[PDB]
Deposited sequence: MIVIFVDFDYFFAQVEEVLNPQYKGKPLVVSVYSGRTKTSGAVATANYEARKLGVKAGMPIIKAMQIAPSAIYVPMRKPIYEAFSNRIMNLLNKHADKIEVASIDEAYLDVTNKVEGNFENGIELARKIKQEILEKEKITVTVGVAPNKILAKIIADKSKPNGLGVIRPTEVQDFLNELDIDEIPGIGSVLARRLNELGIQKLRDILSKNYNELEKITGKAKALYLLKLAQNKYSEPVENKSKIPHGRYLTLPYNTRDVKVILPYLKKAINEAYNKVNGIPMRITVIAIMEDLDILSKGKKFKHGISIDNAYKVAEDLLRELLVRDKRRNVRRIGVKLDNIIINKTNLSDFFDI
């Protein structure tokens, strides 16, 4: 497996800079009410109140939040990436995994060259800089991309893995929380390797349990989780009911309609389906089911109808004001 991990550089921020060449240096916070490096350098983050940041650097612009454009910009780059992979797994709106093993019959050097091309190309078409990582599995491809996220191009070759793994810290591993990492560094686990010194229960107690199996696997480079030709970006359509009720002959037609539209706005069989029932309070009540298979419009109606019944066996007195569906994990191609 020769996985290539693509990751757009401070996307929202870099997109703006592209339309607004002005700020081709100027510390730009990308705000969302109801941020690029130059401003990020001044302690700026993502997840901490807008107040502070543009206070902690009021000189920093707080440009609007135009997600529909970041989306059309990300849909275009992703299609530009599909052509270059035996298969692609769109992670988020600006992160993808490509398995190109065969587009290059297992030749690692030829993957690094491909990556150098893909990096190029996205530049001549969207003029965006991306940071990729070429490695044996997905976890190494990502971890190495980050070690040089600033328009980088990491490369972990098959034979330099067990080495790399040795000198790999805990604070550089995906899925581990910074809060959980701080706990592990207190108990003396600095490198991924030190994980092996502890014995599982001592570890599960701390990390999740799922992260324990994860870390351990990673530690020994077992963790060879495949790239799945599928998009993890969800899509949902919800309808308002005539008036709030608990009928079914009335709700169901209005759920199948939500299903048909969520289905028209997606590009392939969904593997998960979720019946979202907004009720009389204003307040959510959900329950969906994931199929490895792939689903289809057919069972969509059938299965939806079941999750709906259950939700109706979950809150009573409470009628229903709007039914929806949230399709996810769209098997593509």
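Chemist: Write out the missing regions of the deposited sequence in sequence order, one range per stretch.
Modeler: Unobserved in coordinates, per deposited numbering: 35 to 45, 345 to 354.
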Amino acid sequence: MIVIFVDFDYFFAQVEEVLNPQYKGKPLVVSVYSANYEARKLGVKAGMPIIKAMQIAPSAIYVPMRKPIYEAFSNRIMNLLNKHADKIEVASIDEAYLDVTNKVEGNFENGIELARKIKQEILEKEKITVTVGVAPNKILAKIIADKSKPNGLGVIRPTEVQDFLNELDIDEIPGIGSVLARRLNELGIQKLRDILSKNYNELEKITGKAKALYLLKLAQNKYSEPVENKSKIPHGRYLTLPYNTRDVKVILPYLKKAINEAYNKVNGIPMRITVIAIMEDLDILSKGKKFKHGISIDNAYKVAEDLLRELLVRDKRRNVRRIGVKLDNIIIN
From here on, numbers count along this sequence of modelled residues.
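Chemist: Hey, which bit's got the bigger mean C-alpha B factor in the entry, 43 to 51 or 300 to 308?
Modeler: The stretch with the larger mean CA B-factor is 43 to 51.
Chemist: Determine, from the deposited record, the chain-internal third of the Cα B-factor for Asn267: lowest, middle or highest.
Modeler: Lowest third.
Chemist: Taking the values exactly as deposited, rank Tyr223 by C-alpha B-factor within its chain and report the matching third: lowest, middle or highest.
Modeler: Its C-alpha B-factor belongs to the highest third of this chain's values.
Chemist: What third of the chain does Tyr200 rank in for C-alpha temperature factor, lowest, middle or highest?
Modeler: As the PDB entry reports it, the C-alpha B-factor of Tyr200 lands in the highest third of its chain.
Chemist: Taking the entry's C-alpha B-factors for this chain, is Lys125 in the lowest, middle or highest third?
Modeler: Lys125: CA B-factor falls in the middle third of its chain.
Chemist: For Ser148, does the deposited CA B-factor place it in the lowest, middle or highest third of the chain?
Modeler: Top third by C-alpha B-factor.
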